[PDB]
Structure formats: C-alpha cells, structure tokens
Trainee: 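Handing you this structure, nothing more for now.
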Amino acid sequence: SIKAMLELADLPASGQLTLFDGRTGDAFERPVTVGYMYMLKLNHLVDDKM
DNA sequence: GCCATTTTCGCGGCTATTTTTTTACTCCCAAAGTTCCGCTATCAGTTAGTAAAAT
C-alpha cells in the first residue's frame, strides 16, 4: 500500500531520493531515505536547565 | 555444655527539576512585674551672628 501510494504521487517506490551537498553541490554517492516525520518538542528545554 | 534454632540489627546507586499544612480547647480573682506615654533636664552638636584679621 505504501509503494502504491508513492507511485500515485509520482515518487520513487523505494522512498529514497538523490540528495546533493549544499556546501559543494556534489551528489551523495547513495540514495537517501527522505520523507516526513511527526516530531515533537518535549518539555526539556535548555533554558530551564542551564 | 555444646549444636541448633529463633530473634534482633542493619543494609539496600548518583546527579538534576517540579512543590508548605489541616482533630482534640473552663473560668475568675487577687497580686505582681512590666510597658508606654508624657515630662524633665543635661549635654553635645549645629547654626547664626559679630568682631578680628587680612587683603
């Protein structure tokens, strides 16, 4: 189902794209797993801990 | 009087960061020591005035 969803959106079925180094413009030698993750900001902030 | 069994005694990791708790209830009086306001009186400091000196 995930691969079918990727194919519908015109994206690689492996979920890996070709990325380039922004510092040099050179392509990384291998495809990189790029996607979207739900990330959280936990209540452990360096402001309250320093 | 030694061999085993029951009874105490003391122990169980280190750094951080958030936050109080809460039942239970005699009264009166006389005698004594202490405090709080007001006044006095003295001393020391401050300030105003005037003469002494210097420009």
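Each chain gets a letter, A, B and so on, in the order its sequence line appears, and its residues count up from 1.
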Trainee: Taking the sign of the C1'-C2'-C3'-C4' torsion, positive for north and negative for south, which way does the sugar of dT21(B) pucker?
Mentor: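 A south-puckered sugar, given its negative torsion.
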Trainee: Classify the sugar of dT40(B) as north or south, using the sign of the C1'-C2'-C3'-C4' torsion: positive means north, negative means south.
Mentor: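 Here the sugar adopts a south pucker, which is what a negative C1'-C2'-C3'-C4' value indicates.
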Trainee: Are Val34(A) and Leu11(A) joined in one hydrophobic group, where the rule is that I, L, V, M, F, W and Y side chains link up if heavy atoms are under 4.5 Å apart?
Mentor: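 In one cluster with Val34(A): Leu11(A), no.
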Trainee: Over how many whole Å does the gap from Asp47(A) atom CG to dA16(B) atom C1' extend?
Mentor: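 Taking CG of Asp47(A) and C1' of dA16(B), I get 17 Å after rounding.
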Trainee: By salt bridge (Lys or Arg N to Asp or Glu O under 4.0 Å), which residues pair with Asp47(A), not counting sequence neighbours?
Mentor: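 Counting only residues at least two positions away or on another chain, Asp47(A) forms no salt bridge (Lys or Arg N to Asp or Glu O under 4.0 Å).
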Trainee: State the sugar conformation of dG13(B) as north or south, using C1'-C2'-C3'-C4' as the deciding torsion.
Mentor: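 With a positive torsion about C1'-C2'-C3'-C4', the sugar belongs to the north class.
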Trainee: Over how many whole Å does the gap from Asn43(A) atom CG to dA16(B) atom P extend?
Mentor: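 Checked: the CG to P distance equals 20 Å.
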Trainee: Is it true that, when you exclude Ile2(A) itself, more than 12 heavy atoms of the residues, nucleotides or ligands shown sit nearer than 6.0 Å to its CD1?
Mentor: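 Check fails, neighbour count at 12 or below.
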Trainee: If I read the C1'-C2'-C3'-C4' torsion for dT17(B), does it come out on the north side (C3'-endo) or the south side (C2'-endo)?
Mentor: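 Here the sugar adopts a north pucker, which is what a positive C1'-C2'-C3'-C4' value indicates.
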Trainee: For the neighbouring pair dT18(B) and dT19(B), do the six-membered rings of their bases satisfy both conditions, a centre distance under 5.5 Å and a plane angle under 30°?
Mentor: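 Per the 5.5 Å and 30° rule, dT18(B) does not stack on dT19(B).
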Trainee: Write down the distance between NZ (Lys49(A)) and P (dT18(B)), rounded to a whole number of angstrom.
Mentor: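 Whole-Å distance recorded here is 9 Å.
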Trainee: Give the dot-bracket line for DNA chain B from 5' end to 3' end: parentheses for intra-strand Watson-Crick or G-U pairs under 3.5 Å, square brackets for crossings, | for inter-strand pairing, dots for unpaired.
Mentor: .......................................................
Trainee: Looking at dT8(B) and its strand neighbour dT7(B), I'd like to know if their base rings stack, meaning the ring centres are under 5.5 Å apart and the planes differ by less than 30°.
Mentor: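 Under the 5.5 Å and 30 degree rule, these bases stack.
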Trainee: Taking everything shown except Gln16(A) itself, do over 12 heavy atoms lie less than 6.0 Å from its CD?
Mentor: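 Correct, the count exceeds 12.
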Trainee: For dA4(B), does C1'-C2'-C3'-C4' say north (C3'-endo side) or south (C2'-endo side)?
Mentor: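 Taking the sign of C1'-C2'-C3'-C4' as the criterion, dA4(B) has a south sugar, on the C2'-endo side.
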Trainee: Would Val32(A) end up clustered with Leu17(A) when hydrophobic side chains under 4.5 Å apart are linked, directly or stepwise?
Mentor: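 Yes; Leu17(A) is reachable from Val32(A) via cluster members.
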Trainee: Would you name the heavy atoms of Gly25(A) and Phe20(A) that are closest together and state the gap between them?
Mentor: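 Looks like O-CD2, 3.8 Å.
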